[PDB]
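Below sits a lone chain in structure tokens, taken as the form solved without the ligand.
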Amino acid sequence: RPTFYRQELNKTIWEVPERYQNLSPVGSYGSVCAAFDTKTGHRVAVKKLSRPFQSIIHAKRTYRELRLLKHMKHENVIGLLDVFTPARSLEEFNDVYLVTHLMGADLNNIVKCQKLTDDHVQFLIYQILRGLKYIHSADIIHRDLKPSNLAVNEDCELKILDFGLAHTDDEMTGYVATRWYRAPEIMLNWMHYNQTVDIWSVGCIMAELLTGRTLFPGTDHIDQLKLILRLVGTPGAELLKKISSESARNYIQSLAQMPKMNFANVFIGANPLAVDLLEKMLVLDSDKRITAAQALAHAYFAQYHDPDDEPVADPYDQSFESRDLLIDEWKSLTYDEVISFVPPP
């Protein structure tokens, strides 16, 4: 067991191992400090979870997040450097701290303030898909891909972060970037969704890197739907049969029919192979979208594709999600995962 020291920062008591030095508040699910990790030599982010076991829903969300972060081991995905509690027994266990690499700029800063060549777009989207192939191979859905959840460094290397761990209604209302990257079937709850929602998000992001502008900046759910259908066309009978809500089907059939537009006249001057890939991502029927593994083999990435260096994940057991347990049982499961953590090399 390491030696811990205590300190109050912005009316919060932090108790952390001696290896973490020069704690500096950064932001506030929990509060976050920047720190220097003397064991690894890295600048790190230390997150103290806020009330992790207040209710059954919160306790299960705490367990879900810890299981997910412990599993992710890939160059293009955020990983867990450390997890600790100052408690010495389960009976006094109450606080959870997570440690990750400190991230600097996100894709927002780059897209808004930099001139991007086609080679830049190729490399950035390639890395997103390489991480997604890994994530989807474990039957995990990210659910919240958007520019602010993608970290980029000085060498244009990219990491996916901030997995969707189950957003409020107010957060998705109005003219908000938290909705502009979501697939229409999940934005309007048309049907049970799957991992293909993430590929829709990648298409929205790729289009924004090419033009410098948000693809579907709707002012509300319905305005956004109209922008989407003007580009990709209104649904045909095949997809309407797959929409579970009769009222959603009724609403769709109230709209005048529209053909799919010519993407070369939308993305003027773009690499024709980029246009081709966008048409395969931004497909309304989610059954027919290109997958991450298929997209990596597309000719647009010929400069970077290496099938021997695009790994898949170890199997991931999510059976706990259908389990009904009491707070103290979720809390005991979490305690076991903290004490069994083994750090990376």
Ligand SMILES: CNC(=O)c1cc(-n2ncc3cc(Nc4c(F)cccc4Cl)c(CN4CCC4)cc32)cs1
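The numbering used is simple: start at 1 and walk along the sequence shown.
Not pictured, yet referred to below: the form deposited with the ligand bound.
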Inset, instruction - Kindly check, after superposition on the C-alphas around the site, whether the ligand taken in the deposited complex would be blocked here (3 or more of its atoms within 2.4 Å of a backbone or C-beta atom) or open? - result: blocked
Legend entry - Contact of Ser137 with the ligand in the deposited complex (heavy atom, 4.5 Å): no
Legend entry - the ligand contact in the deposited complex: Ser201, any heavy atom under 4.5 Å: no
Inset, instruction - With heavy atoms only and a cut-off of 4.5 Å, decide whether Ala45 touches the ligand in the deposited complex. - result: yes
Inset, instruction - Please check if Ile128 has a heavy atom lying within 4.5 Å of any heavy atom of the ligand in the deposited complex. - result: no
Inset, instruction - Scan 261-278 and note down the residues that get a heavy atom within 4.5 Å of the ligand in the deposited complex; none is a fine answer too. - result: none
